[PDB]
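Chains as they are written, first to last, in PDB author numbering: chain A, 923 to 1147; chain B, 729 to 827, 854 to 1067; chain C, 826 to 827, 854 to 873; chain D, 535 to 623; chain E, 641 to 676, 689 to 728; chain F, 292 to 340.
Below, the structure written as structure tokens:
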């Protein structure tokens, strides 16, 4: 686990260094603001129906009663430009505030503690995460537990020994073709079937697919010794 | 999940087939540019919702030819190969209950319905075989009797109940699925949440078209009449009135679409969260996957959305 | 990852250093 | 130069700071402008040289005050204004 | 190279029956990409390889190995 | 126009001001004088022609 983890962190440095587009999510916020600011400014050069876009010009062109007619067109149009800008900023602000609440939620479940949610901290079973500062944002490196290799085994829902169905207390029953072993779902660790690893409920005539085997009782050799 | 994709042309909408009206529109700058960029971003986000929601997996999963479901009947939830298009018996009902020349263009969806059914089929086929594993990692074969046994052990129910009452759990479940089919077939309002999306889009488009007939203080709403009647200097006055108002009409449309764009994306994020917690895995949250202790869910495709059938204890 | 018409840019309440110290 | 003034060059009117510029213009080149289509530089008609145009300093005024029940002492903040530009007030 | 689709008439793209991963999205499940003498081509967007998972009552697999992965997530 | 504190009350339209920072009338630098640079011109208009 020391090599897998350290080797994983190395790939993060190579990916972020080689691939500059992984941060495009943040670059969009910069581009959207640049277009809004650039556009908002360029609207000053527009006539908006007026003879010219320069205020001192119209005041230095039309007479006082005639100028006000044209000046109103610039004020009217330029006014709508601000409304369009403010309207978009309020809407875009909702998308950022929604992301901020999401980032604050992840740090609580992912970073601070351990999250049991499915794929909330990223694919696989979440362990812990590393918060990292990013411009106008934040980066989360999530360490997860991903199973790799598996092997097909024979299983049975229950074991029958003395006539009472035996069920696993934890894990599942597996067999290599000879003896039935107890093992966890996430890894293969053969364990002998014992009364401590199984529970007694019902009989053998109910469970469907129950099989017969020898349940080892650790108390037998103790009583004989 | 997804909302209708619309592309409004602010060159034709404002000035129909008019050179003079067009020149007068250029004096207003980038207004026509902004209206296109805003609607363009919406169409992209509408399709982006399907990518974050419908597709939870990079692999296609299929069921074996021999069906042992452990007493449950999935014939209703799984696609029917005998139909001309791939869909299940439930999706068949979901699609049936839910259903211009002025420069309004309806863009096609990025994801076809047939490809949506393949997403659900992969999720359904996985839960039948791989259980909760395929979403958390490589597909891991598990027997069904073992699948339900673990799902009960997680909610505090010792698996003794499953193996002993398996016959009873098979009758309650199968009878429950039958009630879903009867309810969806008889009740057409269950999808009304999806019908609202269609009604709102039609209302916005209908209004946007009707605004063209408004005078906006002009002598006549037809540009050809203004040009065929008034002199060039007098026509500019009447054309400016029509353009000014038609600009406000487009600003009203885009404003409403941006607001609804934030609503549809919020719903899509919720759908993606449920598929992760409720469908792929088992969630311990209270009343997130539905009342009772959540066992597992069946994703089902619906028009411009998705349906979740939550099996609870 | 990276005017004269009266548009003002407000400085952030917290410097890039403070967010790094969190 | 180096001061806020109202400049008129061959009919080009505006208010801003005028300074010497290392920016080069072509012989026919006189009135330039920035991305905002506002003149950022000009050539003096009589004597030929390039002048950099910057808008005179401006910004908001924020008042830092405690509660009225506390005291009337106030501190004024000049947004984006250098200390040497305050006396202009 | 004049073909018709549900989105409209597309000129300058060759139709390849083989399904690949979407590169340039178009519509109606159609995408374009630059590949093999290379030129633009049109194809249906593939959902990935078809994986048929064996299923049986007595068959189960226990993962024999694991891998620690580090996922990178960014938020504004 | 009295002092900055009054400008705060004047901005908030209230005779009581709670602790905090508030924005007031913006500051702007005015020009020191007018600059006029024109080319040399002498002869009268062609009133003869």
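Even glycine gets a Cβ: it sits at the ideal position worked out from N, Cα and C.
Taking residue 713(E) as reference, the option from 808(B), 826(B), 895(B) and 877(B) with the minimal CA-CA separation is 895(B). For a Cβ distance threshold of 7 Å, nothing in chain F lies close to residue 558(D): the least Cβ distance comes to about 20 Å. Here residue 1123(A) is actually not in contact with residue 1070(A); their C-beta atoms are around 35 Å apart, not less than 8 Å. Chain D has a Cβ within less than 8 Å of the Cβ of residue 859(C).
Counting only the Cα atoms, residue 604(D) lies some 9 Å from residue 310(F).
For residue 1038(B), the nearest CB of chain A lies under 8 Å from its own CB, placing it at the interface with that chain.
Under the criterion of beta carbons closer than 8 Å, residue 293(F) and residue 606(D) do not qualify as touching, at roughly 12 Å. The C-alpha of residue 540(D) lies about 5 Å from the C-alpha of residue 325(F). In this structure, residue 923(A) sits away from residue 1012(B), with a CB-CB distance that is not shorter than 8 Å. Minimum Cα-Cα distance from residue 948(A) among the listed residues 1003(A), 1057(A) and 1002(A) corresponds to 1057(A). With a threshold of 8 Å between beta carbons, residue 1074(A) makes contact with chain B. Under DSSP, residue 553(D) forms a beta bridge with 586(D). Put simply, the CB of residue 594(D) is near chain C, with a gap under 8 Å to one of its CB atoms.
Counting the other Cβ atoms within 10 Å of the Cβ of residue 815(B) gives 16 or more, which makes it buried. Excluding the 5 residues flanking it on each side, residue 302(F) has same chain C-beta neighbours closer than 6 Å at 315, in chain order. Contact note: residue 1101(A) does not reach chain E at a C-beta cutoff of 8 Å; the least C-beta distance is about 15 Å. Counting C-beta pairs with one atom in each stretch, the segment 733-744 of chain B and the segment 818-825 of chain B have fewer than three that are closer than 8 Å, which means they do not touch.
In the three-state reduction of the DSSP assignment, residue 873(B) falls in the helix class. In the structure shown, residue 996(B) falls within a helical segment according to DSSP collapsed to helix, strand and coil.
Judged by DSSP in its simplified three-state form, residue 731(B) adopts coil rather than helix or strand.
Residues of the segment 563-595 of chain D whose Cβ lies closer than 7 Å to any Cβ of chain F, in chain order: 578, 579, 580, 590, 591, 592, 593, 594 and 595. In the structure shown, residue 667(E) adopts extended strand secondary structure according to DSSP, grouped into three states. Short of 7 Å from the beta carbon of residue 942(B), and not among the five residues preceding or following it, lie these beta carbons of its own chain, in chain order: 825.
Contact between residue 1067(A) and residue 720(E) holds: CB atoms are separated by about 7 Å, below the 8 Å threshold.
Between residue 318(F) and residue 615(D), the gap from beta carbon to beta carbon is short of 8 Å. For residue 925(A), the enclosing alpha helix (DSSP H) has its first and last residue at 924-940. Taking 4 residues as the minimum length, the alpha helix (DSSP H) runs contained wholly in the segment 739-786 of chain B are 747-754 and 759-781, in order along the chain. Cβ proximity to chain A below 8 Å picks out 716, 717, 718, 719, 720, 721, 722, 723, 724, 725, 726, 727 and 728 from the segment 716-728 of chain E. Identification of residues in the segment 940-969 of chain A having a C-beta nearer than 9 Å to some C-beta of chain D yields 960, 963, 964, 966 and 967, given in sequence order. Check the Cα spacing between residue 976(B) and each of 995(B), 1039(B), 771(B) and 772(B): the tightest is with 995(B). Residue 818(B) places its beta carbon 8 Å or farther from that of residue 1000(B). Interface criterion not met: the Cβ of residue 997(A) is under 8 Å from no Cβ in chain B. In its chain, beyond the 5 residues on either side, 650 have a beta carbon closer than 8 Å to the beta carbon of residue 644(E). A residue is called buried once 16 or more other Cβ atoms fall within 10 Å of its Cβ, and residue 648(E), having fewer, is exposed.
Ranked by how close their Cα comes to the Cα of residue 1033(A), the residues 1063(A), 1136(A), 1121(A) and 959(A) have 1063(A) in first place. In this structure residue 1031(B) is buried. Its beta-carbon is surrounded by 16 or more other beta-carbon atoms within 10 angstroms.
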